[PDB]
Structures are given as structure tokens and as C-alpha cells.
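Asker: give me the fold of what follows.
(2 chains)
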2 protein chains.
Amino acid sequence: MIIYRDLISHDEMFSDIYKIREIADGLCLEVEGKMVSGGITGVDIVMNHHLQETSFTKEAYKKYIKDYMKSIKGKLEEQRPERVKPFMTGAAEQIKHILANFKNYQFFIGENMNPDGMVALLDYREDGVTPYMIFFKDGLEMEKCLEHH
Amino acid sequence: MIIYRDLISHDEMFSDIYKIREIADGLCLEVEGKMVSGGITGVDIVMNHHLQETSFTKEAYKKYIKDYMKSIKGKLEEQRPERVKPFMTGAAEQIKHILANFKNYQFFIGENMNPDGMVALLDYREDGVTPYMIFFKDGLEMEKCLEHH
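Answerer: Residues are numbered from 1 along each chain as shown, chains lettered A, B, ... in the order given. Here you go:
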């Protein structure tokens, strides 16, 4: 299995039990979930990794995402400088889209709700039933769990 | 995350995203799943780890489980001899129950369908909707995936 963790908060965000693909020129990972009927109707990604639904006002989100982008920029400068300009430019466009469509998404954070961690988006496919979630790829750290005996 | 793999086949059987408890005096792990409606109705454990439904006749199963018990006994003799008698005695009782209730379970094997690997059982809770699966604990190997940076 491969575990995808929030770079900043260390919370596990998802794993490769889901269909995953890169979107937005490598800026984002799209993670397709399943609707669960057993117990309480919900999105398996959210239940499985204990993601917490969150809310905020646009002014709060603007303050948060500016600091988040700074944190990721500093990590990319230190470790992968070739990603700094694509991330800053691509993320700015994604963030403008989010703010223009703000009431149309649900927002989730890792189980431990660290304010400096990543906020992920939940949307549904055009079939109205299939959920999927969007994450900043530069804000994730992979752990490969392949029988490190 | 913690990954539970078939000792013998190496296939991943489940992980600790599910509710897990020990049953039958430590002989078995019980793994509670969720029903999934998105796409094709099924049990998330089965879909997530690509478990394969299997069938057989009682005579085939009797031949298989006798060899499987031998394989696990040999592993316990070599590595955990204090488990040999509890496993052989406890498994014999579980197997008699399975054979007496043979048409009432669904049987699953790991993704790669190794004939020497573990066969897991799928049942439903008394609510008729909540699935759960039963595995021999002595036939599993844990991998702890906890940020081995």
C-alpha cells in the first residue's frame, strides 16, 4: 500500500486503495471515492481516514490559504525548487476558482485538525453519486508500505 | 496505518481503517466493513483490497484447509511454538463450524489467488446490512506504516 500524508500536519489523507490521478498539470491529485450505506451514509475516503468537515468564511479561508501557500513554498524552496513557480502559479489559479465557487464544495481537514495543514475539497461526479476529493500534490508526502520486513 | 497481509501469499488482506477485534480466544480477527453503493454495490473490504470471491466443494475445501493448517503449523513451530496447540485445536473447531454452515458463508482469497494462501469468510451482522469478515490471526503478518521516514 501507499499512504498519502499531509506534509505539514502528518495526518494520513488517503491511500492507494482508491482510483487516483494527477490533474491540473501535476498540481493536484484527484481521489475517487465510494458512497457508503452501511451505518451512516457518507464518503468512504472521509470515514476511512477520519477527515473532519470544516467551515469558514471567505476572509478566514483567504487568511488560511495565504499562510498555507507560504508554508508549502518554503518547503519547495528548500527541497524541490523547480516546483516553486509551478506551485505558486497553479495554486493561485485553483484558489481563485475555489473562491468563485465557494458555496459549491465541502472542505475537509485531517483527523487532528491542525490549522497549518491542508484543506481538501469534496465534490461529486456528473452522475451525482460518485464522490471525489482534490488535494494539492505538493502538500503531500508518500509512504511506501511494501513489506519492509 | 497498519497493513494485515496473508503470511503465506503476501497479499494485503485488510488494514486498520476498519473496526477490528479479536474473537475465538485470539484465534481470529473480525473485520467490520461497510456496504458501498457508489458504482457497484459491494463490501468495501473486498473492493478495497481486491479480494476475489471463490468457490469449492466440501471435498476440495477439506483438502485445501488440511494443507493450509499444515503450512501455518510449520510456521508456528519455527517461530511461535506456544501458538501451535491453541491454533491446531481452535482451528479444528472453526473448520468444523464452517463445514456445518458451508452454504451460509461467502469465501474470499487474496487478489493473486494463491492456492496456498488464506481463505477468509464473509458474513453479515444481525442487522442484515453490516458486512464483516473473519481471518485466522495466525495466518496474518502485520506491517506498521507509521512514517518510517
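
Asker: which element is residue A:3 on?
Answerer: strand A:2-6 (DSSP states H and E).

Asker: got it, and residue A:107?
Answerer: Under the criterion of DSSP H and E, residue A:107 resides in strand A:106-109.

Asker: assign the spatially most central residue of chain A to helix, strand or coil.
Answerer: In chain A, the residue lying closest to the centroid (CA atoms, centre = their mean) is residue A:135, at 2.5 Å. At residue A:135 the chain is in strand, as set by DSSP: H, G, I helix; E, B strand; the rest coil.

Asker: so who does it touch?
Answerer: By CB atoms under 8 Å, 6 or more residues apart in numbering or on different chains, the contact set of residue A:135 is A:4, A:13-14, A:28-29, A:31, A:118, A:120. (C-beta placed from N, C-alpha, C; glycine too.)

Asker: near chain B, which residues of chain A are found?
Answerer: Residues of chain A lying close to chain B (CB under 8 Å from any CB of the partner chain) are A:1, A:3, A:5, A:10, A:12, A:15, A:17, A:33-39, A:44, A:47-49, A:129-131, A:143, A:145, A:147-148.

Asker: quick check: ChimeraX command selecting the buried ones in the residues you listed.
Answerer: In ChimeraX syntax, the buried subset of the residues of chain A next to chain B is picked out as below (16 or more other CB atoms under 10 Å in any protein chain shown):
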select /A:1,3,5,12,15,17,33,34,35,36,38,44,47,48,49,130,131,143,145
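
Asker: max-length helix in chain A?
Answerer: Identified as the longest helix of chain A according to DSSP state H is helix A:58-79.

Asker: flag every buried residue along the next helix or strand after that helix.
Answerer: As assigned by DSSP H and E, the chain's next helix or strand after helix A:58-79 is helix A:84-100. Using 16+ other CB under 10 Å as the burial criterion, the residues of helix A:84-100 that qualify are A:84, A:87, A:90-91, A:94-95, A:98.

Asker: so how far is helix A:84-100 off the chain centroid?
Answerer: Taking CA atoms, centre = their mean, to the nearest Å, one finds helix A:84-100 lying 14 Å from the centre of the chain it belongs to.

Asker: contacts for that helix?
Answerer: A:24-28, A:58, A:61-62, A:65, A:69, A:72-73, A:76-77, A:105, A:121, A:136, A:138.

Asker: okay, it in CSV with CA atoms only?
Answerer: Output of helix A:84-100 as CSV, limited to C-alpha atoms (Å, rounded to 0.1, in the frame of the first residue of the first chain):
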residue,chain,number,x,y,z
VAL,A,84,8.1,26.7,-6.7
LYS,A,85,6.9,28.6,-9.7
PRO,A,86,4.5,26.0,-11.0
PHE,A,87,3.0,25.6,-7.5
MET,A,88,2.7,29.3,-6.8
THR,A,89,1.2,30.0,-10.2
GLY,A,90,-1.0,26.9,-10.4
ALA,A,91,-2.3,27.2,-6.8
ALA,A,92,-3.2,30.9,-7.3
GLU,A,93,-5.5,29.8,-10.1
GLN,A,94,-7.0,26.9,-8.2
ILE,A,95,-7.6,29.2,-5.2
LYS,A,96,-9.4,31.8,-7.4
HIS,A,97,-11.7,29.0,-8.7
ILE,A,98,-12.4,27.9,-5.1
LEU,A,99,-13.3,31.4,-4.0
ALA,A,100,-15.6,31.8,-7.1
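
Asker: relative to helix A:58-79, how tilted is that helix?
Answerer: 170 degrees (axes from the mean of the first three to the mean of the last three CA atoms, to 10 degrees).

Asker: what sits against residue A:145?
Answerer: By CB under 8 Å, 6+ apart, the contact set of residue A:145 is A:1-3, B:1, B:3, B:143, B:145.

Asker: now residue A:2
Answerer: Counting by CB under 8 Å, 6+ apart, residue A:2 has contacts A:15-16, A:142-145.

Asker: so can I have JSON lines of those showing secondary structure?
Answerer: Output for the contacts of residue A:2, formatted as JSON lines (three-state DSSP):
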{"residue": "A:15", "secondary structure": "strand"}
{"residue": "A:16", "secondary structure": "coil"}
{"residue": "A:142", "secondary structure": "strand"}
{"residue": "A:143", "secondary structure": "strand"}
{"residue": "A:144", "secondary structure": "strand"}
{"residue": "A:145", "secondary structure": "coil"}
